[PDB]
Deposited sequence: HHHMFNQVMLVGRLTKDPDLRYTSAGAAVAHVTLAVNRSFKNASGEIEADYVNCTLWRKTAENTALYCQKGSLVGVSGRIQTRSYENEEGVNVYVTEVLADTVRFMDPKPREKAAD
């Protein structure tokens, strides 16, 4: 029984690097992933996936990616009145030339 996600998209904003009171880096990025087909009106829409990164992954994503950066992410769908649902990234690939 597992939970696995592969996304490659583009960051909609500079990554949001914060630190927990314990000292752990944690970042929130949102990935625009265009679809592969057009809708009735002939347009390509994107899905906007919120991913949360931790520690070194978070710091490095922040260092090396801005708004617009092409990024690969794998991880799991996590879920946390407040009904939130994100991808918890364990590895990030930087794909900017």
Ranges missing from the model, given as deposited sequence positions: 1 to 3, 84 to 91, 109 to 116
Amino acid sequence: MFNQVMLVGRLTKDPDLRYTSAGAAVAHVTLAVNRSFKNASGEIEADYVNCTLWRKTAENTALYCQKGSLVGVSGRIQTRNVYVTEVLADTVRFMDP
From here on, numbers count along this sequence of modelled residues.
Quick note on 27 to 35 and 41 to 49: per-entry mean CA temperature factor is higher in 41 to 49
Mean B factor on CA atoms, stretches 88 to 96 and 3 to 11, record says higher is 88 to 96
Taking only the Cα B-factors deposited for this chain, tell me whether residue 80 sits in the lowest, middle or highest third. highest
